[PDB]
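S.K.: This block holds the first chain(s) of the complex, placed as they are in the complex; more will follow:
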Amino acid sequence: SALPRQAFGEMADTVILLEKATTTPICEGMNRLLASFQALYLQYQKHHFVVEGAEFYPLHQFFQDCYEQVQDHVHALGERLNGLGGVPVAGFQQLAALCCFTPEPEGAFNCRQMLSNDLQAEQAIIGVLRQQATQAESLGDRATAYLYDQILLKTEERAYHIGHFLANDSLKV
Amino acid sequence: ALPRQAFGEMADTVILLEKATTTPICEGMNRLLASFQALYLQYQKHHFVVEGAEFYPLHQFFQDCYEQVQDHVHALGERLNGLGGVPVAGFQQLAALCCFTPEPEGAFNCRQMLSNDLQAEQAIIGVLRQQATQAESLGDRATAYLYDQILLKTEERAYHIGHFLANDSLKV
Amino acid sequence: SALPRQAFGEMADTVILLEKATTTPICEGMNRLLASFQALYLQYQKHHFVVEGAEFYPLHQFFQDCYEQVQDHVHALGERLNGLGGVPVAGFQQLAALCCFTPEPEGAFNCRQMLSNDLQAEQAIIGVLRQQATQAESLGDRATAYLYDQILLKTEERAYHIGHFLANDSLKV
Amino acid sequence: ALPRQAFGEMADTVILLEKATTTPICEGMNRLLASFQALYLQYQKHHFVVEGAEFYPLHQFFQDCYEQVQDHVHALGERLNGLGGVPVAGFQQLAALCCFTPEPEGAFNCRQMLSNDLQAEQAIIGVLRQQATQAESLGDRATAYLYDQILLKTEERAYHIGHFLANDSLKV
């Protein structure tokens, strides 16, 4: 019924003075990253809620640190995207379509599976971050490339922290 | 692979409540969890896209709202699992259980956004009261209490939105 | 039934060594200021509770800053008044009688009316503050004059902040 | 010398509740106070003596638990006196009113310790619900509320222990 001020998939001009030929592909990629980070945030939260077993407390905390940091990326990207003249994704349908990894299905999985799913997700996002950071640089959008690099550093760090959790070492003697 | 506990499935809880109590409580908690999760997304969108004469107040207001809703999500998500259920997580399942109609894609004006938020809060207030009542009735005293705690904040958000929408201003 | 240790409108000696001829008129004026600040505090609180409309959130906050700061003046004056050997006003009847402005009537008013009422109140208090500060100085009560000046600075600041809210400028285009 | 108010004795309260309400409430509050006091001691012991592969998490977990239980003790101890009763204090009287079986002397393994803690919390959850229900029923609204507040945290501790005990780990 009600028509929006700016339709989804429509570009407005940005006051930071970058051409639409620059902002359009950047927003396209940023919405994919937004959606992917949003899914990852929900997934990490889920994993915080449901994790159990011998490594419960450490994983419980780790999963919270992850979704809180990922929440930060969501915030940064959604706000910048709008700033660039785009419309950030917010509905379940379009969020699911733009997500760059396959989320864990509903239901509770064991802790190794949860971590593996989270790692695969981070790895998928790492791939998109690099591709999008290279694009931003290429197109002259310096701040975006800088922001993505900032996000990439913490995202990679999250990935190899999961890697360590899954490694084959233990105090079990 | 399949999960160790399916969605919709109930496990036993260590907190000495029977399935007949935990089951309808968890099912209601999931509807509420989905709705809060959907409302967090909506407020956050509004924070991202709001503009105009009241940009700064609404900007900050939407953030306060979604951060407060994030607290409810955490509380409900963890309680639900504690009660022996499986909390809703992903986009498609959230869409299925959300108790209000989420805003369509696209950026709408600030009055429309606030109205959408108010309706969302009202739908949630509706469910909160009924679920808290059910929990009291079934003897889950702590769930009823938690819901009441959340209700107080939720009503407060709702009537704060109402004030923003009210027919008054400094414009003379 | 029970008789007070010190009756209202009765002066005791102060340990800070100022004559009754000094402390009596100073306490008389300070009770008027106490009562006036008490009414203003309640009024600002009211305005915080009831304000609505397009400028809801900013006014909501502003009204709170005001009653919190005014609360501070109430505290300072009530305690000093007792220190000077007087009895601070505390009952509704005498509070209403000593108040130096007309408070807003009961019921909810619009935001421009609320601000106008608050401004008139502050202006009435400003007038009494200057008169009382000049008196204290004149009578040799240095600390009182200093305290009133301190209160006057913040009170005036509150007044012109209300003035700005009511000014004829807007982003409404 | 003899006390000005004996143990088991009720005085009048200034909060306008009659003996017929305050008496059974205080008696229940004492059972709960003793049990929390006994649970604080147990968690603290576990904090002192835990070792093995999950030393650091359990170490910290046991401390969080007893510190949270210390908060309940304070709340109940002070409320009980406020209601006109005498709070249990010493070792032997605590032993008499404790609603669970305390762990024997000696250091046990970490699974046993957690199981003992879970049973302790469950026994306490049992009493909490019944005492809160009694308080609502008798019209002591604030006691019922306080108990609910404590119940929420107590259930949360219980199901956190359950998760630790659950059959899952990173061991592949």
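M.R.: Received the coordinates, thanks. Numbers count the residues shown, from 1 in each chain, chains lettered A, B, ... in the order given.
S.K.: from the chain's centre, how far out does the biggest helix by length in chain A sit?
M.R.: Using DSSP state H, we find that the single longest helix of chain A is helix A:20-50. Relative to its parent chain, helix A:20-50 has a centroid offset of 4 Å by Cα atoms, centre = their mean, to the nearest Å.
S.K.: Flag every buried residue along that helix.
M.R.: For helix A:20-50, the buried set under the neighbour-count rule, 16 or more other Cβ atoms under 10 Å in any protein chain shown, comprises A:22-24, A:26-50. Any C-beta I mention is one placed from the backbone N, CA and C, and that applies to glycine too.
S.K.: In chain A, what residue spans correspond to helices?
M.R.: Using DSSP H, helices in chain A cover A:20-50, A:56-83, A:92-98, A:111-139, A:142-166.
S.K.: so which of the ones you listed comes closest to residue C:101?
M.R.: Checking the helices of chain A against residue C:101 by Cβ to Cβ gives helix A:56-83 as the closest, at 45.5 Å.
S.K.: What are the buried residues along that closest one?
M.R.: Neighbour-count burial for helix A:56-83 [16+ other Cβ under 10 Å]: A:56-60, A:62-63, A:66-67, A:69-71, A:73-82.
S.K.: List the residues that contact residue A:50.
M.R.: A:108, A:114, B:81, B:86-87 (Cβ atoms under 8 Å, 6 or more residues apart in numbering or on different chains).
S.K.: Closest to chain C out of these?
M.R.: residue B:87 (32.7 Å; Cβ to the nearest Cβ).
S.K.: Now the residue of chain A found nearest chain D: closest residue in space, sequence neighbours ignored.
M.R.: For chain A and chain D, the shortest gap (Cβ to the nearest Cβ) falls at residue A:53, measuring 3.0 Å. Using Cβ to Cβ, 6 or more residues apart in numbering or on different chains and skipping the chain neighbours, the partner closest in space to residue A:53 is residue D:168 (3.0 Å).
S.K.: mind checking the backbone torsions on that neighbour?
M.R.: phi -160, psi 150 (degrees, to the nearest 10).
S.K.: Now do the spatially most central residue of chain A against chain B, distance only.
M.R.: Centroid check for chain A by Cα atoms, centre = their mean gives residue A:37 as the closest residue, at 2.1 Å. According to Cβ to the nearest Cβ, to the nearest Å, residue A:37 and chain B sit 12 Å apart.
S.K.: Kindly incorporate the sequence below as chain E:
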Amino acid sequence: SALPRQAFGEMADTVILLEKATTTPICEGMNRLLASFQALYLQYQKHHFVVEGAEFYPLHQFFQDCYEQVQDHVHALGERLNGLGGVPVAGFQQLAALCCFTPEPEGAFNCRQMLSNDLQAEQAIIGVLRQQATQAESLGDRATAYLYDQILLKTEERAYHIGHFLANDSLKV
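M.R.: Below, chain E sits with the chains from the block before:
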């Protein structure tokens, strides 16, 4: 039914490399101090809950400061005892048997009696602290002696603070 990993009154080796002939008597004394501090903690807490009369608020607070500080000693001793290869006391029976003072009987006593009981308790603990600190030094356990001295300083301080409360001076004119 279930047998412990380490039975109460049984000594394991400590990784801090002190002989059992050293650690055994030290743990024996430390368990007495643990039990005594545990009783004192409960007693101070009780006194916080039940204190009334003209000096209610100050005593209320003081009793809390005491049990919080005593709680700290409990923590330090229980953890070190286990570290030394002993088993800390935790059951009501053995706690009552190892306590070095007679605790106040159940029921509410007046404020002077409560303080006197608390003072006698502190004095009993002071005696054991000195004896045990001298032993630790004598046996070459330097850190224990240091820890006890640290605890002794605060314990003595608590004692003479109670002493002052009970002294025969007052503003009562």
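S.K.: re earlier: could you check the angle the longest helix of chain A makes with helix A:56-83?
M.R.: 160 degrees (axes from the mean of the first three to the mean of the last three Cα atoms, to 10 degrees).
S.K.: Neighbours of whichever residue of chain A sits closest to chain E, how many?
M.R.: Closest approach of chain A to chain E (Cβ to the nearest Cβ) occurs at residue A:173, with a separation of 15.2 Å. Neighbour count for residue A:173, taken as other Cβ atoms under 10 Å in any protein chain shown: 5.
S.K.: and what of residue A:51?
M.R.: Based on other Cβ under 10 Å, the number of other residues close to residue A:51 is 26.
S.K.: which ones are touching it?
M.R.: Contacts of residue A:51 by Cβ under 8 Å, 6+ apart are A:59-60, A:63, A:111, A:114, D:163.
S.K.: can you rerun that using 10 Å?
M.R.: The contact partners of residue A:51, by Cβ atoms under 10 Å, 6 or more residues apart in numbering or on different chains, come to A:57-63, A:108-111, A:114-115, B:81, D:163, D:166, D:168.
S.K.: swap in residue A:79?
M.R.: A:88, B:44, B:47-49, B:59.
S.K.: so which pair among these is furthest apart in space?
M.R.: Across these (Cβ to Cβ), the longest gap, 14.2 Å, separates A:88 and B:59.
S.K.: if we can go back for a sec, and the residue nearest to the centre of chain A, what does it touch?
M.R.: A:70-78, A:99-100, A:121, A:125, A:151, A:155.
S.K.: Please apply the same query to residue A:43.
M.R.: Per Cβ under 10 Å, 6+ apart, neighbours of residue A:43: A:63, A:66-67, A:70, A:101, A:103-104, A:114, A:117-118, A:121, B:89-90.
S.K.: what do you get for residue A:144?
M.R.: Here residue A:144 is in contact with A:18, A:22-23, A:26-27, A:29-30, A:77, A:80-81, A:84, A:132-133, A:135-137 (Cβ under 10 Å, 6+ apart).
S.K.: go on, residue A:33?
M.R.: Contacts of residue A:33 (Cβ under 10 Å, 6+ apart): A:73-74, A:76-78, A:81, A:98-100, A:125, A:128-129, A:132, A:148, A:151.
S.K.: throw chain F on there as well:
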Amino acid sequence: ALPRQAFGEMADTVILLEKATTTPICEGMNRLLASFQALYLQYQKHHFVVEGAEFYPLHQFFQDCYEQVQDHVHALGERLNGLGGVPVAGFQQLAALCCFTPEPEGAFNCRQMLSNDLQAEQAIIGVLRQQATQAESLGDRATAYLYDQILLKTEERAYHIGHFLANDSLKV
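M.R.: Chain F now in position relative to the chains above:
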């Protein structure tokens, strides 16, 4: 009396960059310094003089802005010296290097104030991109990094101003 280093004179840096690199870099950095210094003064003025229906939030926004800008001033002035240059400080030189046209004396309406601020941020955005690209190209990695960091914040202030200026409002 003569200065240790004259304005416009380049000294060697301890950070191992040739003068042919530091000279153009300091030249640009002085323009940005002067521009940020002017924008700081402008935002501060706006904080002082703003009034009307949106007085309070604009009052706050302007202060957030100048405080953030003062942080850019600090970083650039200090790095410029570090690089072996001399930072501008005087009114005449500031006026000469500034990359936007400053608001004239007088108290303007809040829409005009915001528009002047946007234009100032836009002019600065252009210079930052230019100077960042130059620093990278010359191998002053740290300056390029610093500029990007400042550019991200500057663009953010710019689009926040844009939102304030947009044609939307709660007044229906």
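S.K.: what do you get for the buried residues of helix A:56-83 once chain F is counted?
M.R.: So for helix A:56-83, counting by 16+ other Cβ under 10 Å, buried means A:56-60, A:62-63, A:66-67, A:69-71, A:73-83.
S.K.: Which ones among those residues also lie next to chain F?
M.R.: A:76, A:79-80, A:82-83 (Cβ under 10 Å from any Cβ of the partner chain).
S.K.: Now do the end-to-end distance for stretch A:52-59.
M.R.: Terminal residues of stretch A:52-59 lie 8 Å apart, using Cα to Cα, to the nearest Å.
S.K.: How about residues contacting it?
M.R.: A:47-48, A:51, A:60, A:62, A:108, A:110-112, A:114-115, A:165, A:172, B:4, B:81, D:53-54, D:56-58, D:60-61, D:64, D:110-111, D:159-171.
S.K.: at 6 Å instead, please
M.R.: A:51, A:111, D:57, D:61, D:163-164, D:166, D:168-170 (Cβ atoms under 6 Å, 6 or more residues apart in numbering or on different chains).
S.K.: cool, stretch A:103-112 as well?
M.R.: So stretch A:103-112 is contacted by A:39, A:43, A:50-51, A:53, A:59, A:117, B:3-7, B:86, B:90, B:93, D:168 (Cβ under 6 Å, 6+ apart).
S.K.: if you set the cut-off to 8 Å instead, what comes out?
M.R.: By Cβ under 8 Å, 6+ apart, the residues outside stretch A:103-112 that reach it are A:39, A:42-43, A:46, A:50-53, A:55, A:59, A:113-114, A:117, A:121, A:166, B:1-7, B:9, B:81, B:86, B:88-91, B:93, D:168-170, D:172.
S.K.: So for it, first residue to last residue, what's the gap.
M.R.: 15 Å.
S.K.: Next, the buried residues of that stretch.
M.R.: Of the residues in stretch A:103-112, those buried (16+ other Cβ under 10 Å) are A:103-112.
S.K.: quick one: contacts for residue A:118?
M.R.: With Cβ under 8 Å, 6+ apart, residue A:118 has these contacts: A:40, A:43-44, A:47, A:66, A:162.
S.K.: go on, residue A:125?
M.R.: A:33, A:36-37, A:40, A:100-101, A:155.
S.K.: Please repeat the previous calculation with a cut-off of 7 Å.
M.R.: Residues near residue A:125 by Cβ atoms under 7 Å, 6 or more residues apart in numbering or on different chains: A:36, A:40, A:100, A:155.
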